[PDB]
Structures are given as C-alpha cells and as structure tokens.
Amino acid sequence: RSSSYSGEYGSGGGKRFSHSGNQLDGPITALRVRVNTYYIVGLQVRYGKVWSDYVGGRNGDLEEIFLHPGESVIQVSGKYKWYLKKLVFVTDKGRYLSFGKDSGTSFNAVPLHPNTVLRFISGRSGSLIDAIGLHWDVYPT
C-alpha cells in the first residue's frame, strides 16, 4: 500500500545487488559512496546499526555521511550514462547530500505514496556502480 520503486537508473552491465533483505535491520542511518571524477564507484548503506555488504570497486575516494537522528532521505536525483555518475540524496531535514560530478543523463526520483522515505536500494555493480534503484516505504515502526 505504501511501497514504491524508482529506477532502474544506469545500464544493464554488472551484476544485481539488492538490500531488500537488509530492511529488517532498521531504517537507513548512514551512507558510504566511493566516487571518482567520472563514476559512482561503490556503495554501502547502514540499516539501523548494520552496514550492508559493500558493492562496487575501489578506484575512487570513499565519502561517508551519517544521517542525523530521525533524518530520512525523501528524494534522490543523479546522473548516469553507461554507469552511474552522480547521486544527490535529499533529506527531510533539508540536506542535499551530493556525490560525484555533474555529467550525463539525469534522473530525479520521488516516492509515490504518502509519508514514505527511502527504505533500501538495489542496482547493479562490478568494479563500478552500473545502475541504481530506490525503494520507498513508510519509516519503520
């Protein structure tokens, strides 16, 4: 009734990953994004207290952000072409958490149903992030 999906943004390269089985650990509380001049290289997401497996490669610099207590992502925009290139996570505390350089084809993802937040991500990866998708749902009870 409340879940929705935005995606997939990127190419068909790489291999699928999904954090759907990480939801049970809790809401998103932190993000790691490995970045270079051209690409989103890797991703890791913290669900409650539990970091997901890392996906992607190592040819970039690791950027990390903890969300403030009770803060959630409510919109994600970005850029891609043959791989993912840029991500901006917009939060319900007004923060715009940006990773990567402005180049490529844009996407702009918002949740379909009322009062939902980013609950987990999925996508495709190898040595880079080939594609990403955003999964929205209610903030967990």
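Sequential numbering from 1, following the sequence displayed.
- Annotation for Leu67: CA B-factor lies in the middle third of the chain's modelled residues.
- Per the deposited record, the Cα B-factor of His19 falls in the lowest third when ranked against the other modelled residues of its chain.
- In the deposited entry, the Cα temperature factor of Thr91 sits in the middle third of values across the chain's modelled residues.
- Per the deposited record, the Cα B-factor of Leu112 falls in the middle third when ranked against the other modelled residues of its chain.
- When the CA B factors of the chain's modelled residues are split into thirds, the value for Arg32 lands in the lowest one.
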